[PDB]
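J.: Position in the sequence shown (first residue = 1) + 6 = this note's numbering.
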Amino acid sequence: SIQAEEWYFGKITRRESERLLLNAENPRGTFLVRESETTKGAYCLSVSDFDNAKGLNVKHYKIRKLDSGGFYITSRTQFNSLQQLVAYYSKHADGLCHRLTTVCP
Ligand SMILES: O=C(O)C(C(=O)O)c1ccccc1
Numbered sequence: 007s008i009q010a011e012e013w014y015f016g017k018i019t020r021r022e023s024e025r026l027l028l029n030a031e032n033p034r035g036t037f038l039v040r041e042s043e044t045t046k047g048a049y050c051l052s053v054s055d056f057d058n059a060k061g062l063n064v065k066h067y068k069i070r071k072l073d074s075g076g077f078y079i080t081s082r083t084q085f086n087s088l089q090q091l092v093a094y095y096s097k098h099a100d101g102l103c104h105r106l107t108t109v110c111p
């Protein structure tokens, strides 16, 4: 049950997610999952990143959900639950800016 997850921030805007993530104390991969502002039934994975080029910054990835049950960022890599998706991206960076490391404070 996604709403019970401490990383699920629910109905917060993109700007608020950036306010929370743009904190000097957050290491790369600090994240949160929220609802998409404009896509009904889709969620967003907001992730903090850091490089010497851009410094501290935030990326937003859309998580699609199938009525057939799967969750995914890219259709080639699907999961049975949002929880499994988070667990997989905590170990593989794949196309994300960084692997998921710590839940946003
Ligand atoms: O869906 C949106 O409106 C939105 C957002 O809420 O920032 C978004 C846009 C691109 C990727 C993830 C999320």
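Cβ atoms here follow ideal geometry from the backbone N, Cα and C, with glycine treated the same way.
(1) Residue range of the beta strand (DSSP E) that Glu41 falls in?
(2) Give me the DSSP bridge partner(s) of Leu62.
(3) Whole angstroms is fine: what's the gap from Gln84's alpha carbon to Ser74's?
(4) Work out the CA separation of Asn63 and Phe56 for me, nearest whole Å.
(5) Have a look at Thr44 and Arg21 and give me their C-alpha separation to the nearest angstrom.
(6) Where do the N-terminal and C-terminal ends of the alpha helix (DSSP H) with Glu11 fall, by residue?
T.: Here's the rundown:
(1) The residue labelled residue 41 in the question sits at position 35 within the sequence shown. Its beta strand (DSSP E) spans residues 37-41.
(2) Here residue 62 refers to the residue found at position 56 when the sequence shown is read from its first residue. Note: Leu62 sits in a beta bridge opposite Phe56.
(3) As a first step, residue 84 must be located in the sequence shown, where it is residue number 78. As a first step, residue 74 must be located in the sequence shown, where it is residue number 68. Using only the alpha carbons, I get a separation of about 11 Å.
(4) As a working mapping, residue 56 is identified with position 50 in the sequence shown. As a working mapping, residue 63 is identified with position 57 in the sequence shown. Answer to the nearest angstrom: the Cα atoms are 6 Å apart.
(5) The sequence position of residue 44 within the sequence shown is 38, counting from 1. The sequence position of residue 21 within the sequence shown is 15, counting from 1. Distance between the alpha carbons of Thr44 and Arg21: 14 Å.
(6) Along the sequence shown, one-based indexing puts residue 11 at 5. First-last for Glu11: undefined, no H or E at that position.
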